[PDB]
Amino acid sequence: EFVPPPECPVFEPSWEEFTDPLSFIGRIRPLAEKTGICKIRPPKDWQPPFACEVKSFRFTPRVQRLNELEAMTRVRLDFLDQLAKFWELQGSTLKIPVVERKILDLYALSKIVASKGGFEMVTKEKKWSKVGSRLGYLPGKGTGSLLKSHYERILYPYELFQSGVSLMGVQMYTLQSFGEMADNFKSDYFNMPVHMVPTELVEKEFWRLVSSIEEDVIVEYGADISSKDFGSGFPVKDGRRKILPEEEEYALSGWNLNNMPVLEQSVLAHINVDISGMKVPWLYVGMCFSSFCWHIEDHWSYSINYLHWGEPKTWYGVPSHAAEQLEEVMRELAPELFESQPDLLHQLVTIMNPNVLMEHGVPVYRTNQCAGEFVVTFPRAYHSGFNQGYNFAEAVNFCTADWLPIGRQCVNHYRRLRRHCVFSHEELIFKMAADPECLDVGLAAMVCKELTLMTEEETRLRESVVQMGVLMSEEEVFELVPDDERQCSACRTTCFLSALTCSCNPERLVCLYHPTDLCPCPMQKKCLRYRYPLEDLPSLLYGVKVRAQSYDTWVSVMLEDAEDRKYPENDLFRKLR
């Protein structure tokens, strides 16, 4: 009944192609970009040893109910649409609180609270903790009394209303033991050896279980795991181990995921600036049927995924150019609701059957990631999938020159939503511009093209605001103040280049894209807090344009300057020797 989509392309590089990963990926970009994802096979000779033990590797499992794994169900959508309209009528507006790093499920919450007899029922009986349990929340963190506070503040008024009449007052594991678990589960299911069941079959049964209410099937996985805390499944050198000579090669290989962020073609390279939250790999342990719902990467850009071992990982990709189109069909389900809550679209997890996306005219490709094979995700390429069986993988994100404009275009979208930004994109650009040398010339070139766009756009914003009647201009260093302090009153975006402060608050801020929403105090007295005076234009565009056009001339002791200035080669350097 279910239909496997087309296979995304694979690549099987030579050892010389395999040398510089980000060059090889640049080689591959014009092609793989159209599928949104692609698979890569390192030379069969390349097989890095697994660093981690298993027999002792301890993790707290998370869980999925494949029935309710879909959050976009008609009943959940229509509910929230109604609770929203309720608060609109009330003059308030519905705000969905975040709990345990994920949005609260109100439909689930309201159902459950009511199933046991309602707010004050649950309250007087102190069952609020029993609730959060069934909600997939980790005890004993105190979520129970937090849900009460939330239910009262949001759902109880609607309860009353939705209830009879009323509404007067008030208002305003071990990796080892997990494999045993995982392999026992799969075999008993399919009645075979786990390795012996074909991929097509499990794939077919997976999408069967999602929409099937005739049965319930639960699974355990793990994620939200860091090389930092849990250690990398790769050998690498920091202080903690004498590294074996066997391992020495792989540890220094750019394909070792810990090494990618620092590669000279990486943006998060020579900058020592901030923790973006991924300079460091993330680990996903898996079982059969264990899944990850449709999504993209923070600030878009890339994602590289590597399966260390275990049964294959199943993927579904979509191109970056089909991105808007994708979100458009998902929006057809609750158009009135997604209006009021634009970002709620992303908040809500979905596995939308690929056939449905394809019948709607969206390109959807796929593949089976097998042990020892990479998967690459491109900027704004939507991806999802599941695992064939017990397995282990490691994944980072990253960025390159080509991404810079997309990353800028990415903020504007996050700014147009109300979306917290994991860093300042514009801040990043200057941290690169402030050390032009030892910077990959490709970045330098792109930065010139990207930066002049912002100097224009900023000067427009800077002159736009003096008309509004602000006078004083203070000067502050934004990178040194914490992200949450430098955000904009309603954007919500991390400000670097400039923002606006009036005296209505000691600290509350708004970016120049929303100057009027700072506070009712007339423009009147000040204050534009800026970063650079406009003396910046000659200064910083110089150093980057230098190395940008130092390379432009150098191509048109010459083989020396390349080594001194750290130019790339391939190509040209071949003509030399």
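Numbers for residues come from their place in the sequence shown, where the first is 1.
**Student:** Please figure out whether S556 and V557 are truly consecutive in the deposited sequence or have unmodelled residues between them, and give none, 1 to 3, 4 to 9, or 10 or more.
**Tutor:** Missing in between: 10 or more residues.
**Student:** Just how many deposited residues go unmodelled from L89 to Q90: none, 1 to 3, 4 to 9, or 10 or more?
**Tutor:** The entry has no gap there; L89 and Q90 are joined directly.
**Student:** Higher average CA B factor in the deposited record is what I'm after, so tell me if that's 40 to 48 or 528 to 536.
**Tutor:** For C-alpha atoms only, the mean B-factor is higher in 528 to 536.
**Student:** Output the stretch having the higher mean C-alpha B factor in the entry; the candidates are 163 to 171 and 392 to 400.
**Tutor:** Averaging CA B-factors over each stretch, the winner is 163 to 171.
**Student:** Which one, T123, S211, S291, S303, has the peak C-alpha temperature factor per the PDB entry?
**Tutor:** Within the set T123, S211, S291, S303, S211 shows the top C-alpha B-factor.
**Student:** Taking the values straight from the PDB record, which of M260, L83, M472, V329 has the highest C-alpha temperature factor?
**Tutor:** That would be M472, according to the entry.
**Student:** Lowest, middle or highest third: where is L439 by C-alpha B factor in its chain?
**Tutor:** According to the entry, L439 has a C-alpha B-factor in the chain's highest third.
**Student:** Lowest, middle or highest third: where is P379 by C-alpha B factor in its chain?
**Tutor:** It belongs to the lowest third of the chain when residues are ordered by C-alpha B-factor.
**Student:** Going by the recorded CA B-factors, say which third of the chain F230 sits in, lowest, middle or highest.
**Tutor:** Within its chain, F230 is a lowest-third residue by C-alpha B-factor, going by the deposited values.
**Student:** Select lowest, middle or highest to describe the third in which the CA B-factor of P482 falls within its chain in this entry.
**Tutor:** CA B-factor rank for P482: highest third.
**Student:** Where does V544 sit by CA temperature factor within its chain: lowest, middle or highest third?
**Tutor:** Its C-alpha B-factor belongs to the highest third of this chain's values.
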